[PDB]
Structure formats: structure tokens, C-alpha cells
Amino acid sequence: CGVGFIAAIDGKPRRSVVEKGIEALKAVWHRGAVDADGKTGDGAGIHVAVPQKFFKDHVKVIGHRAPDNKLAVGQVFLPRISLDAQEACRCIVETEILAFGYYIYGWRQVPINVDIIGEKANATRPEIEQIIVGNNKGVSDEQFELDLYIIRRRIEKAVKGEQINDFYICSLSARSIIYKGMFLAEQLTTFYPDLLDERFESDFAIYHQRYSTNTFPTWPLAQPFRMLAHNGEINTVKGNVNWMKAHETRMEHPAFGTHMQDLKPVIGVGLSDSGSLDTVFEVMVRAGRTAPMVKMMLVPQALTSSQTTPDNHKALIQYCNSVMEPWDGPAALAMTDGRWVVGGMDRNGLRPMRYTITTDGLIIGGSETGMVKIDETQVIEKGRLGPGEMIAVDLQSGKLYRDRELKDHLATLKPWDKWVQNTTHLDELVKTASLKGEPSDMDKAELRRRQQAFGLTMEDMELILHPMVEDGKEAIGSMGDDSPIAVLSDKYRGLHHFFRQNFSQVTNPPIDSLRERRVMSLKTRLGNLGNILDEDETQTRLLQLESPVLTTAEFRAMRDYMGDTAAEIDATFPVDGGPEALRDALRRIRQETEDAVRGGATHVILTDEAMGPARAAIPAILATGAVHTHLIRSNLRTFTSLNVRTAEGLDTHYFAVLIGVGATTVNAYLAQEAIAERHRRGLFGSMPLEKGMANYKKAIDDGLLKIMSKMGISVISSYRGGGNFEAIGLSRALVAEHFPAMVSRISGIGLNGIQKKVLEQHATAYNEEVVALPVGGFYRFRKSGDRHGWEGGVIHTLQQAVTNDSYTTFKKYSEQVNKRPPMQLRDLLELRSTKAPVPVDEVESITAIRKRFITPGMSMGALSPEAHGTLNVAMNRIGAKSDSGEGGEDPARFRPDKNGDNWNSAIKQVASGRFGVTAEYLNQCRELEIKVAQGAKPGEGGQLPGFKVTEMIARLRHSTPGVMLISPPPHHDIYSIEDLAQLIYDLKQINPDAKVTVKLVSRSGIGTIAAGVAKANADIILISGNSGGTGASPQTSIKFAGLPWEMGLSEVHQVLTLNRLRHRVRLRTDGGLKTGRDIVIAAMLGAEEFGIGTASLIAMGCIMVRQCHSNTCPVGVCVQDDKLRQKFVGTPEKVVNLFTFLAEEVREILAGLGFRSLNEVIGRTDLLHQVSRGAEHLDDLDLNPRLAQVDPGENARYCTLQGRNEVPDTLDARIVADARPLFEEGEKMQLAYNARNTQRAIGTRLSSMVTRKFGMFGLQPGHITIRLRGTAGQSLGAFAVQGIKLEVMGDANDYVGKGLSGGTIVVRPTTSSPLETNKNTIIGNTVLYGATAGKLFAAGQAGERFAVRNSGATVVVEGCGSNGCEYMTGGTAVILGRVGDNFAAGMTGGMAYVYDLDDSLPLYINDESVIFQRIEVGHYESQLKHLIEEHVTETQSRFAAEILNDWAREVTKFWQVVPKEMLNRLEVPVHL
Amino acid sequence: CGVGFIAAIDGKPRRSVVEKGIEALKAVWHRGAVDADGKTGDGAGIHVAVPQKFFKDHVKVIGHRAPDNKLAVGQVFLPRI
Ligand SMILES: Cc1cc2nc3c(=O)[nH]c(=O)nc-3n(C[C@H](O)[C@H](O)[C@H](O)COP(=O)(O)O)c2cc1C
Ligand code: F3S
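Line by line, the protein sequences give chains B and E. Going by the deposited numbering, 463 is the number at position 463 of the first sequence; the sequence numbering is gapless. Going by the deposited numbering, 28 is the number at position 28 of the second sequence; the sequence numbering is gapless.
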């Protein structure tokens, strides 16, 4: 896994670049997916210049004459199984090339060697050939390239016309060639011996290797591509393709001519994201622009409102963002035009990219800084690439442009500043809009009648509407969702309940938003779409709004500006139309919209304003979906906009789905009317109405940003009309016809059910004489309201059965719970065998079945210490496993109590915050667990209120007492599957006895992610559902996010069985498990272990009060008081009895079924049947996708291996064989070795042995020291304890000092280095992630996210990048250099010192929660002096030495940064 | 290698024709391409009438109502990978 590029600065061809490229490719085997075969790869490739002399000598040998001009060589993949396909494709190519007039020299068969390819990469091997085309018309180079591209496109279209499969073209150009395949990285020069020749010289080279998630290789899917190479993985392609489908219908350029007609469907079928992006990039380059300009137009920079860039770049970025929608997502790009060679990064800067210049006029860049062997007596400058940066090389003139120079050179071509001034805003327009013409308020009775028509209850106004207008933020709930799903319910559930949101597992990182809110934009532009292949002032003349949500006054001002060009459309249908009225209304509106747009209209306003006692309202979602889809399919969406006036919009989940369907702006007038009516009654107090509306809009925008950030999208323009949702319970026909791209794995109600529901509610509201709204139960149980999973009687009967220790009571409980109408997916299936029953005394005993149950993790921040300890003691008494969850654990509980009641936990979590993760915390467990996403709040981090953090929890988490703690949504360690494999390797090295468990959340597409994580040596997968509890979460994320585990579990099982991977991992599920029938169904689906969770809380005393976030739980389960902790009533015997009953129920059901063990039934799906609710409901749910049986064949249907999956040994092994006196005598040692980038986690296993022997703080500092010489790998010294000292001479790659636990690391350049130590990058990204103790001294600059989540470490580094010291909690950090934007963002504890020569810190710092001043206390001066002296002592630096020389005049050049919460608690105050 | 057809002259359904068809198919192994594997064939097939009662009982078991008219059953090959 990795990209890389080598370029000769002067621009002269030579063999050196090609041989160095091959050498660099030969050393990326550690990141790839190692396999037991050793021959099976997943894709590799190189992209070089054309060796003219080679092919000219070939042609001479054949017998022709070598031409004067350059040659053209096309590489093709033809089918191999047939002999007509080959002949048909050859004929097509030859009649399509000769139609232009060029001369064909002949074909050539590339020599290959099939000795190195495995099996499954050989059954689909294509026939590789080359065609030699010469130019005889004497045309120029640009024209020749243009005709070659047109010929390639026409050949592709013609071959696709005959549906001729297995055909591909890897290149057809006169400048460059591509050698790629499905072999290992190191075996590239063995499969293709041509590259071993002496005449293959070039002036540039690009190389790439990928890491696929599945095990079925397809040769045309290997990178690099033609004029592109991509690392990372793009988020928004389902939205960008839809917008390209509208951009195609107007684009045209005189360079192509009539031939333009054969490039209309630019994005073909059967491509990945890196293919579609490549196609768009190539089209935009071939039409006049240059590679830097296209890179800026497609992947722009983050336009911030700060004074740290010249206005030139701001105008340029405004133009670029106005002309095109960005292509977001983690992306490290290495692209090349015919002239330029560019290496660039995305907006957030997630992937790493490091480069190097040598004195030979040679630049080498890649993902790792130790791939090519180069002595430091040859280097000139080392560097990196920040967020949005780029580095370019011009080969025609032979020059090297860095970031700023390239920006200044690019902002000169056109007068951008004079062009941008054509933009017009709306606040100017709303201020010129006079305070006249406002209509009179609606009547109270009319408002209530309209609200009742949509099903709005008073709890929708007192719970989720009052906090918005009162506070500026959204509501909060603290328990799982036990409500029935939308289709199985019986009340009126709006259409916006059928759409579950999306999020990102390991393959993509979610974007945190409370700290990097500067890179997220909500800009909206009307009058924007047009020709994308143009450059003129008319392209930036449009209307611009600051937010897609508009109030009523703003809507009237915008309607003023629109005026005489807009067309309004009715969206109501007659109630008496008949059984097919809604379909006819849809037809009518989607015909009128098209007939009006063709008439010159440019704005369509879709209103339901005429809703009355005889006209029901069409659901706005369906209307906008139909209209947008029809406009896209009729080549008219490019002309107009789409404005929606709705009467149901009240929650932040409505606007999200409306903008996701395709609407441009959304206006909710009924909500504003309700706000005004509630204000006139004197309910908000003394605040004006405008302040309330402003607070409501701010809360809506914040919630929209939250919803947009769960997936990884940072701009609204690329999120609109993409359909980032899933419909569960809608007909396949309806979704596939009216909605762009959503999957309905189980079809549901069609149009008749929606019409029936709408008409029923409308009649109930308008013919029935209403006087007030129902109280309604959706978040809280109400008798008049909706049904729930946990009612009162069930809980009381369960608690009684548990406390009296009687089984018949528990069977009464089971009979009560297994008799309600269906409420979940697992209620419709039915067990049915064909064998004869066997007696009860023959099945497995209760012990072997109880050891299959575990309890999920529940943090100590949420639960009380007593309940946590009770669970830990109870679960260890019966032999099962418990969980500690996030928030760490008490060290003093690490030994059995004196009743033998051991309070330890057999499962430790590695949360996203690493709040208590140390070296001892990971060596005191049997079985580990990685938590990627939680069941209740997927794509989000756990929260903890500011008053829940007592002194004990503050000490246990190494934080500040009385401070809100919100975990970061992403992981900062897991940005792609390769980083997940790296982290799994780290965890398996730090603890040599435990297993690694990955926790996911059920959704569509989880199958490929599961097949990918299974290749990363993970051995337990956990699939949580959407109905899981939580400690504190927003209500929208609780009710409108996730999917039932019935889908995800079956999908993962089938996908894992398909890839012959099921026999290596185990499956575990939880979420909503209550009885034995549920467990048996889950075991039939494929699971092997089961988690219970909330039921345990009910066995200990919790009665579902749903006030966990208030710190006032009456029983005292989730509490941190003393008054309330004294009211605990829990006992372990209760939980033991619960588990015993639950296991013996499974025994009962199995004995009645006809089996004697759970292994007899796991995976046997054919024991389940589906019966529907009857001929009176007519939901067409087909669970057959859920009951499909994939045949294993040879393998079993469960795990059959012993122990974990061991991994290859790093250098640590040798160290353990050398430092034996330290482990036997306990004496001092000193070792020296040679490091290389193919050695990961150097010094971690040694730390494990030291921890097991002496402990974290048993050895004096510097007991054992190691000296490494060379560029080290990743995770250097991760989880190092005190007493270990690593000294690297050279540089480190990434994640150096991750989770430092008291050790000491020192990084310095070589003594023979001609480099300024304060101007060259030495360490990479994410340094000191979650460290608790130790020291780290570096003699260079660090990367991005330097010292995130630092807790107790001390670091001295000569520079920093962007996002430095983000969300730091404790310790000291000295930065002797410059910093980037968003510095010290979210900092809540510690201290920082910056050394400012430029006096430009107030422009980069985030003055939100920290204060910056100058040093005024000698106590804080001795600290800095001693730290810099220690730095000088260790690294022998020269910058810091010269700073120490002139101390009196440089002490006044330092800024001191101190958090705001630490203003009372500091002990020597900072002021005078 | 071979074709074959069985028909009831009067035109009344019965299990006899289907079982005789299966029996006839079970005895054409001498003309085919025998292989060292013993499992690899090159194609075989049968074409019969629709068993209305079978699928009607299936639908009844599912939970719907068996219609009065005849049924329609489509057999499809979808991708597996
Ligand atoms: C009070 C509470 C605290 C929780 N804390 C965590 C946590 O810290 N980390 C985590 O991964 N899951 C946490 N969970 C979710 C559980 O791990 C598990 O997914 C959930 O309880 C399953 O729901 P169920 O009991 O209905 O089966 C918590 C759940 C609750 C109710
Ligand atoms: S709902 Fe929560 S506040 Fe206590 S009683 Fe149950 S754990």
C-alpha cells in the first residue's frame, strides 16, 4: 500500500530514475496483505516514459524504417479464453485507428513469466499485447495526443457496443507507458523482464501498490492510471457522478470539435472512484488546462476567513469552488501531465507524503521517507505536504515549484479578483428589503389543524423544539431506541423515518467537527451550473447564500430577487381522487415541471401551501425526489434550481434528507409559526423573536454539519443530491424509480400504503373536531402513545423472577415478552425442524452454554463504581468474560479480593480517546477489543458531562476535574485499512497472549469491510445493532442511525463464507437480546457468542428512567453522587441467576428442536421460515436476502483454529535474545543495531517483558539503551515504559511514541549531515498519541496533529505543522519554530511555549479555550531553561544551543499558552 | 448426447411421465464424454409442466391466499460473486 514518484529536476532522461523506482517498489512489502501462498498479490504498477530507442530498434529489426518523429505505443488486454474475441478486438482497433490516417507498424507480444502468479490471479489473466502506431501526417505533438485520446475513447465505445467482455486499454499515447498487474510488489521486474533492459531510461516515474478488501482480483483495476495515481479512498462518488450526469449536457470545447459527441457519457460503467476521478481529470486536462490548475479545480484548498494568505489565493479558491463541486475524501495524489509532474494532498491532509531533494537534481517523494537508499551527504532539503498543499516539477523548462511559489505563479494567469466581484449576496438584499409587507399571523385553530394533519405531538414541541430556541443546541437522550421500526408500527410515522443515515467504518475516517469547523462550508449558489470547460467572467455571476436553510423573511427577499423568472408548482392531491390519486399527482407535477422548465424558467418553487380540507399534501421528500430525478433524466437539471416549502420540517433529520435528495434550499414556515405562537404566550422569558430565530437557525446548521460529518464530507455542494441514506421498508420499485441511488435489501410498502396512511391522518385531522394535540409517546412511554419494547410489567416481572430465584416466574416473563404483535425483524421468522425431539437431559450442560455469554463494555464515567465492580465480579464467577469499556480501570482492582471475588475484567477496550490506555492496562487482560463505532451513536464519540467528572474519574483518566470530556469521532490512528493492520500488529506485539476484537455497526456494505478486516489478522468480529443503549447521545443519532443486526450479521456471514475466510474468525452479536428464542435465532444466523447489556442493568435495579445524563438516577446505577450511590441495591447473584435462566431456556428450545449442541445449529439457515402478519396489512417484506444459504463445502461453519493468528517478528526478537543479563541479573545494558523502514514497532515486545518483570516504574531512567542508525519504521517505541532509552540517528516515519508510557526517545540527524536542523522534517504525523509519561526530544519539525491527546508526556521539538496540540490534556510542549492554523484547538489542560520570531502567533492560534501571553514569572522561566538545557544535552542541537547562549534577549520572544479551565487550579499563578 | 420426449396421449397429468423421464435420463451415460474426474459434465436438462399444487401449497404456507387461476413461475440465474 503506497504511492511514490521520482523526477529529474533538470529534465534529462536517464536509467537512474527507473532503477530507483524499481528499488522503491521492492520495499513496500510490509504494508501489503501477506498471504499463506506467497504468490497472490492484489495489484501493483509503474508508469514511466516511452523508451523511443527500444521500439525504434525493434522496428528496424523487423524491416521497416525508423521515423523521424516520436512513436506511439498502446498496451492492450485482450481476452484469453477465446480466439474470436481476440480477432474481433484486433479488427475493431485496426479499423478504428486507420480511420484517421495514421500508419500502423505492427503488434508485439510482451514477454511474461507466469511462474510467479498464484491461482486465483491466474484464472482471470488477460492476454497482454502492444500496438505500435507511427505518425506520418507530420502533425504536432498536441494534435497527435488529442487524436490518440479520441481514438481510445471511440475504440472503447465500439467494443462496448458489441458487449465484448474482458477488454481493456492500459495506455495509448506518445509520451508515457504503464506496466501494471496483479502480482506482488517485489516481483514486478520478474513478470515483466522488459524493464530489466538497458535502454529503458526516463525522466520521471510513478509507482503504486494497493490493498484491496476482497480476494477476487480483476486486472483492469490495478493502478497507476493514465495521468493519475491515488492513495487513500474517496468518500463522495455517488454524488459527484450524479452532478457529472448534469454537467455533461452543456459542456463543449472547440479543441475537440464534432468528435465531442462521442465523449458524452464520460464516466463509463465498471470503474472505481479512482477511475472516475481519473477520467474527469484526463478530460479536463486534454482541453487546455494544466495539471496544477485541474488539481486545484477538483480538490481545492480549505477557504478560511483568516488573514494568513494573500487575497490572490482567496480569489482563486473562490473561483475554483464556484465552478466545480469538490471531490472530498482522504487522497494523496501523484499525477502527471505531458509536461508537469504534481504531488498533492486533500483538504484535511490525512494520508502522509514526504519528499527529498538530492544534489543530483533528483526529487523523490512517497508515503515513507526510507524507501530509496540515499546517504545524507547527498541531501539538500527534506520536507512534507500539509493540508491542501502541492509540489510541482516542470520538465519542459526544468524547474521545481514548492507550495507558495506555485500558488503565486498560478494566481497570475487570469484576473481573478476582478472576476469574483460579480457575486451578489443576500444579507445585502434582505437589508435593502424594507420592513413592510409581512402578513398577519395564522389563527391558533388553523395552526393546530395543520399540525395535527402531519402527526405532531406536544412532546415534539416541549422536548426537541424548546431546547433549540432556548439554548442554541439540540436535545439529548441517554438510552437505546426500543421503538418499533417504521413499517411494523401502526401509528402515522412520517416518510422521513424510513431513511437511516450513513457513517464510515475503518475504510474512511469520520470528520471531527467541534474543532476543525474551519474546513466545513455550507455555501449555496443559485445560477451556478454551466459549461465547465470555459474561462470567462460570466461563470462567476450568480446568487450566493450562506446556508441552505432560509427563514420566511429571507425567503421573501430571495423570491423578490427571483421574481419574474420563477415558476411555482402545486404539491397537493385531491382526497377523493380514488385508489390511484397519489401516482396521478406525481405524474402531473413531474410533467408540469418539465413543461415549465423548457419554457424559460430558471427557478422551481415546490409548495404545499394550498393544503385544505379537500386536498391532502404530498410528502415533500417524495415530491422533490420525483422532480429532481425527472430533471436529471431529461437533461434539464443543469438549467434551474429547486426550492422547497414544507410544512412538516421540525427536526434536523428532515433537512438532511431533503438536501440529500436534491433540493437546493428548504423553507420551513410552520415551525416558525409555531415558534412565534409559543413566544407570544410568554414561554421563553425575555428574549426577542429575532434572537430565537437566530438560535434556531444556528442549531439547525450545527446539526446539519454533525450529520454531514458522520460520513466524511466537509462541503454541502458535494453532499447534495447524492443520496447518502438507506431506505429500510420501501418497495424496490419505488426507490429504484424515484430515488437516485439507495438500496432496499427488503422491499416494503408501495404507493398504496403511503396513500392510505396520508389519507387516514388527513381525515382524522380535518373531519374530526380537534381541540388539542395528543401528548404522544415516541421518546417516552405513554398509554395513548406508541408501543415500546421495555414496558412496566415486563421489567417488574423480570426483576421479581431474578430476585426470588425461581424459573417459572422467568418463563412467565418469557411468555409475556413473546406474545406482543411484531416489533422487530426477528419477530416474523419461525423455527421449524423435521427431526424428532430429544430429552432435556441429553443436551449440553448449563456451564458450556453460559460460557458463551458476555456483557458489553460500559464505561466508569457513565456507570457507578459499585455497579461496574458488581458486573465484573458476577461475570467472572461463572467463568464467562466481562468488559471494562472506555474510561480505563482501577489498577488497585488488579488482584483478587479476599473472598476470591476478583474485580478485574477479561476484556479491555482501546477507545478513540485513549483515556487510560497504558502499558500495564494492556498486559492485565486475556482478550482485547478495538471499538470503531458504537451501536447507539455510529460515527460519533462518547460524551461525559462537566459535572460527572469527579476527582476519582479525573485521576483515573488523567484529565481536569469539572470539565466536559467529548471523545474525538475519528481515531487519528486509523485512516485506512493499512493503518488498521498496523494497529493490530502493535496490539499483538504489546501483549503476546491476547486476541484482537473489532467492533462494527450493522449497515449495508459491511460485508466487504468484514472481508477486509479478516485479512488484517483480526480474529473476532463484533456486530452491534441500532437498538443499543448509551450513556449520553443526541436523540437524532439514537433514533435515526444504524440498522438492525439481523441484516449485518447475515451479510457478514455470507461474505465471509464466500471468500473462504469464515474458518478463521469468530462472530459475536449484541443489541436487543432478551430471551432464549432471540439467542437461538442469532445462533442460526451465524453468531457464536452473545452480548446482553441492558438486561443486566435491569437485573441489578435499573428501571429505565432514562435520566443517565442528569447524574440523578434514583436507584444509583449510572451515578457519581454519594447521596445516590448510597441507594444501590445490586448483587452478583441476581446477574448469575439471570444468565442461568437465559442459558437453560436455550437448552429447552434446543431439546425441543431436535439437537444436542449449539455447534449443530450454527449457520443452519434452512431451519427458519418467514410468515407475514396477514392479508390485512400487506407489507411486502421479503427476507429471502436474509435467508440465503451459501454452501461452505470443505470448511466448517465456525472457527476451527487454536489460539490467535501470530505475526512475523520485528527486530525486537533479536533484542530479547541479546538482553538476557537484564532479565536474569537485572543489570545495565547497551545495544546498537541498524534500523530500516521495513521494521515496525521497534522496542515494544521488550517493553512488554519489562512490564511483566519489574513494572512500569521499576527501573531507573536509562537502564537499557538502544542506538539505531537509519530511517526507522512506524510506531517506533510504541507503549514504552520507563527504563528504556531509544536513540535514532536519521528519522522516524509515523506514529513515533504512540502511547508513550514513561520511556524516553531521542531523534537527531547524523553528525555528517549538511542540513539546518530547524528547517527539515524529521518525524511524521500523529506523534505522541495518548501518551501518559516519558520524554521525547527531536531535532527537526513534526508533521500534522502533533501531540494530540497528550496526557503526561514532555516533548521538545524544533517545529510543528497544522492542528498541533489538538485536544491536549496534560504535560508540557516546547515548539522552537512556526505552527499552523487551528493550533491548540480543544486544549483543556497542560501548558505550551512557542518561540516567535515572525510575531505571527495570534494569526494561527485558536483563541477559543486557551489564553496566550508573555512569560512574567521566574518559576515558569526555570522550567523552560531546564527543558532547553536537557534538549541541548541530549540531541546536541545547534539552534537550541544558540538560543541558550542569548537567553536574556530571547526570553522575551516566547509566548505562553495556558487553557482557560486551568486559571483557578494553577498553584503558582501566571499573573502578578 | 441425446434428446427425448414422453407424452400422455389422453392429456391427463400424472407422476408416471416425470419418473419415466428421469429414468430415461439416467441411461445416456455411455454416449457422453467420460472424464477422469467423474463429476465434470457438459450440460443436461429437463423440461416439464408446472406443478400448480406444489407452489400453491408453498404460497399457502407462507401466509397468502391461493388464487383461483394458474400460477406463473420464473427461474432466474443471478450473479454469485
Ligand atoms: C450506560 C451504557 C454505557 C455504555 N458505554 C459504552 C462504552 O463505553 N463503550 C462502548 O463501546 N459501548 C458502550 N455501551 C453500549 C454497549 O457496549 C452495548 O453496545 C449495548 O449496551 C448493547 O445494547 P443492549 O443492552 O440492548 O443489548 C454502553 C451502553 C450503556 C447502556
Ligand atoms: S434509565 Fe438510567 S438513570 Fe438509572 S435507573 Fe436506569 S440506569
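Ideal placement from N, C-alpha and C gives every residue a C-beta, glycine not left out.
Within chain B, partners of residue i - CB distance below 7 Å
i: E/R65; result: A1175
i: E/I81; result: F216
Alpha helix (DSSP H) segment containing residue i, residue limits
i: B/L1058; result: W1045 to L1058
i: B/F1141; result: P1132 to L1153
i: B/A581; result: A581 to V597
i: B/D460; result: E459 to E462
i: B/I1428; result: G1418 to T1435
i: B/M875; result: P865 to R877
i: B/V323; result: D311 to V323
Neighbourhood of residue i by C-beta, 6 Å cutoff - its chain only, sequence neighbours within 5 removed
i: B/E368; result: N1237 and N1293
i: B/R1062; result: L1056
i: B/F54; result: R199
i: B/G472; result: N695, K698 and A699
i: residue 1476 of chain B; result: Here chain B has residues from 1 to 1472 only, and residue 1476 of chain B is not among them.
Host beta strand (DSSP E) of residue i (start-end)
i: B/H208; result: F204 to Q209
i: B/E929; result: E927 to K931
i: B/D1070; result: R1066 to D1070
i: B/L413; result: First-last for B/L413: undefined, no H or E at that position.
i: B/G1303; result: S1301 to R1308
Under 9 Å from the C-beta of residue i: neighbouring residues of chain E
i: B/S1172; result: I62, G63 and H64
Same chain, Cβ closer than 7 Å to residue i, five either side skipped, listed in chain order
i: B/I177; result: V48, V50, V73, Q75 and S171
i: B/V963; result: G946, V949, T1388 and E1461
Proximity test, residue i beta-carbon vs ligand 3 heavy atom, cut-off 7 Å
i: B/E886; result: Looking at this structure, you won't find ligand 3 anywhere; what it does contain is ligand 1 and ligand 2.
Where residue i meets chain B, residues with beta-carbon distance less than 8 Å
i: E/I6; result: None at all; the shortest Cβ gap to chain B is about 32 Å.
Cβ shell of residue i (< 8 Å), same chain only, five flanking positions each side left out
i: B/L828; result: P822, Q1170, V1171, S1172, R1173, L1181 and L1183
i: B/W107; result: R90, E129, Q130, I131 and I132
i: residue 1480 of chain B; result: Past the edges of chain B, shown from 1 to 1472, lies residue 1480 of chain B, and the structure says nothing about it.
i: B/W416; result: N312, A315, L316, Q318 and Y319
i: B/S274; result: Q223, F225, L228, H230 and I234
Which of the residues in the region 208-221 of chain B, read from start to end, lie with their CB under 7 Å from any CB of chain E?
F216
Pull every residue with its beta-carbon under 6 Å away from any heavy atom of ligand 2, and keep them in chain order.
B/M479, B/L1097, B/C1102, B/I1103, B/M1104, B/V1105, B/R1106, B/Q1107, B/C1108, B/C1113, B/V1115, B/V1117 and B/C1118
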